[PDB]
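Engineer:
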Amino acid sequence: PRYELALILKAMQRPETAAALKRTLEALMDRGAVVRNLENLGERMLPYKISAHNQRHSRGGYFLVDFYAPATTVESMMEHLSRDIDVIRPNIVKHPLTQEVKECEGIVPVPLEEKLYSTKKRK
Amino acid sequence: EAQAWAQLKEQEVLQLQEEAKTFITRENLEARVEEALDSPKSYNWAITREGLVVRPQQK
Amino acid sequence: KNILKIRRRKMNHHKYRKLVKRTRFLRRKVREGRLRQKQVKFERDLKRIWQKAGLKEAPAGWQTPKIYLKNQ
Amino acid sequence: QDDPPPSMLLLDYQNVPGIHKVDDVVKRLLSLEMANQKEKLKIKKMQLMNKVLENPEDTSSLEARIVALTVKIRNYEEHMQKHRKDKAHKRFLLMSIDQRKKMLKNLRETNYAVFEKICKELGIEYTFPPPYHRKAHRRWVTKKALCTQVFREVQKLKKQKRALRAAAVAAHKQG
RNA sequence: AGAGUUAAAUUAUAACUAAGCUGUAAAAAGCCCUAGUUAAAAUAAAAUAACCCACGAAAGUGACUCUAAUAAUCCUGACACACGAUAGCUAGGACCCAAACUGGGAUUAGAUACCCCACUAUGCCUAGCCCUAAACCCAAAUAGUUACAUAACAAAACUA
Ligand SMILES: [Mg+2]
Ligand SMILES: [Mg+2]
Ligand SMILES: [Mg+2]
Ligand SMILES: [Mg+2]
Ligand SMILES: [Mg+2]
Ligand SMILES: [Mg+2]
Ligand SMILES: [Mg+2]
Ligand SMILES: [Mg+2]
Ligand SMILES: [Mg+2]
Ligand SMILES: [Mg+2]
Ligand SMILES: [Mg+2]
Ligand SMILES: [Mg+2]
Ligand SMILES: [Mg+2]
Ligand SMILES: [Mg+2]
Ligand SMILES: [Mg+2]
Ligand SMILES: [Mg+2]
Ligand SMILES: [Mg+2]
Ligand SMILES: [Mg+2]
Ligand SMILES: [Mg+2]
Ligand SMILES: [Mg+2]
Ligand SMILES: [Mg+2]
Ligand SMILES: [Mg+2]
Ligand SMILES: [Mg+2]
Ligand SMILES: [Mg+2]
Ligand SMILES: [Mg+2]
Ligand SMILES: [Mg+2]
Ligand SMILES: [Mg+2]
Ligand SMILES: [Mg+2]
Ligand SMILES: [Mg+2]
Ligand SMILES: [Mg+2]
Ligand SMILES: [Mg+2]
Ligand SMILES: [Mg+2]
Ligand SMILES: [Mg+2]
Ligand SMILES: [Mg+2]
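Residue numbers (the deposited numbering), protein chains in the order written: chain AF, 2 to 124; chain Ad, 145 to 203; chain An, 128 to 199; chain AO, 65 to 239.
1) Whole-angstrom Cβ separation of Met-79(AF) and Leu-29(AF), contact assumed at under 8 Å?
2) Quick check: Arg-163(An) and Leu-196(An), are their CB atoms within less than 9 Å of each other?
3) Residues of the stretch 151-178 of chain An in Cβ contact with chain AO at a cutoff of 9 Å, in chain order, please.
4) Taking any Cβ of chain AO, which residues in the stretch 21-54 of chain AF have a Cβ under 9 Å from it, in chain order?
5) With a threshold of 9 Å between beta carbons, is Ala-150(Ad) in contact with chain AO?
6) Suppose the cutoff is 7 Å on Cβ atoms and the five residues either side in sequence are ignored; what does the same chain contact list for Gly-43(AF) look like?
7) Along the stretch 87-104 of chain AO, where does the CB come closer than 8 Å to a CB of chain Ad? Name the residues.
8) Given the structure, does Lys-121(AF) come close to ligand 1, in the sense that its CB is under 8 Å from one of the ligand's heavy atoms?
9) Beta carbon of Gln-111(AO): closer than 8 Å to some heavy atom of ligand 5?
10) If you pair each beta-carbon of the stretch 26-40 of chain AF with each one of the stretch 86-106 of chain AO, do three or more pairs fall below 8 Å?
11) Note down, in chain order, all residues in the stretch 60-83 of chain AF with a beta-carbon under 9 Å from any beta-carbon belonging to chain AO.
12) Does the Cβ of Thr-134(AO) have 16 or more other Cβ atoms within 10 Å, making it buried, or fewer, making it exposed?
13) I need the straight-line Cα distance from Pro-186(An) to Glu-217(AO), nearest angstrom please.
14) Roughly how many whole angstroms lie between the Cα atoms of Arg-155(AO) and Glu-141(AO)?
15) Are there three or more Cβ pairs, one per stretch, closer than 8 Å when the stretch 155-175 of chain An is compared with the stretch 192-210 of chain AO?
16) Quick check: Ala-150(Ad) and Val-86(AO), are their CB atoms within less than 9 Å of each other?
17) Does the beta carbon of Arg-3(AF) come closer than 9 Å to any beta carbon on chain AO?
18) For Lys-11(AF), count the other beta carbons within 10 Å of its own beta carbon; 16 or more makes it buried, fewer makes it exposed. Which is it?
19) At a cut-off of 8 Å, would you count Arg-171(An) as near ligand 5, judging by its Cβ distance to the nearest heavy atom?
20) Once the 5 residues before and after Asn-188(Ad) are set aside, which same chain residues still bring their CB inside 8 Å of it?
21) Within the same chain, show all residues whose beta-carbon is closer than 7 Å to that of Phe-192(AO), passing over the 5 residues directly before and after it, in chain order.
22) Tell me the DSSP secondary structure of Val-177(Ad) in three-state form.
23) Does any residue of chain AF bring its CB to less than 9 Å from the CB of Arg-170(Ad)?
24) Determine contact between the stretch 49-66 of chain AF and the stretch 5-25 of chain AF, defined as no fewer than three beta-carbon pairs at a distance below 8 Å.
25) Relative to the alpha-carbon of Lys-95(AF), which residue among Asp-87(AF), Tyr-69(AF), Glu-40(AF), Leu-117(AF) has its alpha-carbon at the smallest distance?
26) Quick check: the Cα distance between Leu-39(AF) and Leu-82(AF), rounded to an integer number of angstroms?
27) Return the chain-ordered ranges of every alpha helix (DSSP H) run that is complete within the stretch 174-199 of chain AO and spans a minimum of 4 residues.
28) Measuring alpha carbon to alpha carbon, tell me which residue in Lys-109(AO), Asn-170(AO), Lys-146(AO), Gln-111(AO) is nearest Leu-126(AO).
29) Once DSSP output is grouped into helix, strand and coil, what is the label at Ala-190(Ad)?
30) Taking 8 Å as the limit between beta carbons, can you name the residues of its chain near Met-113(AO), skipping five residues before and five after?
31) Give the secondary structure of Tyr-143(An) by DSSP, where H, G and I count as helix, E and B as strand, and everything else as coil.
32) Name all residues in chain order for which at least one heavy atom of ligand 5 lies closer than 7 Å to the residue's CB.
33) So, helix, strand or coil for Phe-152(An), using DSSP?
34) Compare the beta carbon distance of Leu-6(AF) and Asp-85(AF) with 9 Å and say whether it is the shorter of the two.
35) At 3 residues or longer, what runs of the beta strand (DSSP E) sit wholly inside the stretch 13-94 of chain AF?
36) Please report the Cβ distance between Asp-76(AO) and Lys-153(Ad), rounded to the nearest whole angstrom; I am assuming they are in contact, meaning their Cβ atoms lie under 8 Å.
As structure tokens, this is what we get:
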């Protein structure tokens with residue numbers, strides 16, 4: 002997977018939820034994006050109250066959209082989630098599973114350093 | 145090393161061939177939307193000092 | 128220590144700045160007078176070139192620009 | 065300006081078997097459509113290093129390095145067209161260019177014909193580093209402008225003085 | 001270098017409550033269109049992580065996300081070429097906070113200061129300059145070696 006879309010959406014009922022989800026996904030496919038999977042993390046009380054579009058929201062729906070999109074495109078996508086009155090906050094992050102795990106080998110111990118101060122017979 | 149690279153790229157291309165069937169398309173919109181609405185997946189994860197993982201408790 | 132060399136400089140610099148304020152406008156007069164010699168000696172350097180190269184007048188299309196007196 | 069097409073099927077995926085029977089979704093993902101800019105640079109690199117060169121296999125060749133450098137250079141040229149305030153990159157570019165000119169010098173010393181080919185293909189025109197790097201300033205460039213004027217006036221008036229005598233001695237010799 | 005984003009704080013400005021609030025060794029001045037609590041954008045600045053030691057040629061760089069991206073099959077090299085912290089200049093914006101300056105209050109033989117109160121250029125953004133620092137790690141660059149060896153101190157001594 003290439004890009005990840007963290008969506009926090011206004012807390013709602015079922016219909017308008019499916020509405021926001023689909024229309025957003027269609028914006029994505031519209032910029033040329035290709036969607037791998039769609040993930041709902043539940044609806045929770047947010048870590049803090051966020052102020053979006055003349056509204057300070059307490060609760061919210063949590064969503065994850067993983068997709069492939071071209072470099073040029075990404076900026077545009079953000080604009081489209083930006084003016085959207087129902088999005089409590091957009092973010093697009095380089096997808097976590099692209100990043101490599103190069104093995105933590107362990108702790109290679111750092112011994113005490115020597116030959117800093119010169120040998121002097123002082124006092 | 146030409147062998148090695150040929151193999152790797154073959155593995156990859158066939159993997160994306162596999163996941164090509166799993167994608168969300170103009171059709172899958174109504175289906176997948178209402179499917180994910182149904183099924184919350186938890187990413188929540190914890191750790192213990194031994195290195196053992198303990199995921200969220202079974203419900 | 129070495130400060131005592133440096134301290135000298137400090138005083139010797141400070142005492143300069145003071146001077147440059149009091150003597151300031153006097154210094155402007157002398158300076159602009161000095162550009163007024165500059166541009167002129169430039170001129171003679173060129174006139175000497177016509178009058179060595181034999182032409183009485185300056186070559187066609189020569190206004191002989193003022194560089195030293197340039198401002199703005 | 066050249067154009068490594070949207071459908072060009074990323075360089076590391078180009079030579080693997082059974083690609084062209086595959087569905088449009090995966091050909092859309094492995095297209096230069098979804099790629100970083102580094103991949104499109106790998107492509108421009110491939111193409112330039114085939115068209116200009118002889119032995120595309122040699123990296124160590126002075127010539128192939130000249131090419132790759134020209135690629136990075138061109139990349140930085142667009143990048144410096146977009147960002148006009150970015151000094152870091154401007155330095156990258158301005159140095160890169162002189163490394164290229166250093167090694168072009170190195171080739172004009174060793175292999176002539178190949179060097180002439182590289183000049184003809186990539187668009188690089190090798191010019192001599194001049195004698196005496198100096199700072200041309202107002203006064204000097206001015207004095208030189210005048211001097212050139214005085215010169216082109218003196219030889220002109222000389223031509224008038226010699227043609228008056230050519231016309232007079234000719235008109236006396238004829239009748 | 002762009003483009004977007006904001007966590008804690010602060011403040012406009014409202015609503016309750018209190019008459020005091022701010023400030024020092026100690027006091028005055030100052031504000032009471034003040035303070036506390038409850039609400040809240042804009043600008044600015046980026047706790048902790050860091051007991052880390054990465055990146056950049058140096059200056060520098062440690063809030064968040066993405067795009068662009070780190071010269072050289074790699075010795076040295078100018079007065080040439082491109083950079084360069086703070087402060088400063090020019091024009092257009094910004095202004096919560098800080099603050100040269102100036103004005104009050106004290107301190108004092110005096111106080112053009114140290115201490116307090118305001119408040120400005122000025123720090124901030126865009127374009128263009130100016131090209132200076134104890135720009136210092138006061139240790140030139142690139143190969144090397146730990147053999148000879150202690151002026152003194154400090155970052156032990158040397159070849160090419
Ligand atoms: Mg010692
Ligand atoms: Mg003196
Ligand atoms: Mg003089
Ligand atoms: Mg040479
Ligand atoms: Mg002649
Ligand atoms: Mg900017
Ligand atoms: Mg307040
Ligand atoms: Mg106190
Ligand atoms: Mg009072
Ligand atoms: Mg710290
Ligand atoms: Mg550090
Ligand atoms: Mg790149
Ligand atoms: Mg490098
Ligand atoms: Mg080097
Ligand atoms: Mg060098
Ligand atoms: Mg500067
Ligand atoms: Mg400034
Ligand atoms: Mg201004
Ligand atoms: Mg101000
Ligand atoms: Mg304001
Ligand atoms: Mg203030
Ligand atoms: Mg006073
Ligand atoms: Mg006294
Ligand atoms: Mg004292
Ligand atoms: Mg103020
Ligand atoms: Mg600044
Ligand atoms: Mg420094
Ligand atoms: Mg120092
Ligand atoms: Mg330093
Ligand atoms: Mg020095
Ligand atoms: Mg010295
Ligand atoms: Mg050097
Ligand atoms: Mg040795
Ligand atoms: Mg001794």
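Even for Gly, the Cβ is constructed at its ideal location relative to N, Cα and C.
Structural biologist: By the coordinates alone:
1) 12 Å between Cβ atoms; not a contact.
2) yes
3) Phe-169, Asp-172, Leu-173, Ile-176, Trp-177
4) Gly-33, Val-35
5) yes
6) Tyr-63
7) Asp-87, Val-89, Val-90, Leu-93, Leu-94
8) yes
9) no
10) yes
11) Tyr-69, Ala-70, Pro-71, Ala-72
12) buried
13) 7 Å
14) 12 Å
15) yes
16) no
17) yes
18) buried
19) no
20) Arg-199, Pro-200
21) none
22) helix
23) yes
24) yes
25) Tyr-69(AF)
26) 16 Å
27) 176-186
28) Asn-170(AO)
29) strand
30) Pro-120, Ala-128, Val-131, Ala-132
31) helix
32) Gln-219(AO), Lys-222(AO), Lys-223(AO)
33) helix
34) no
35) 35-53, 56-69
36) 6 Å
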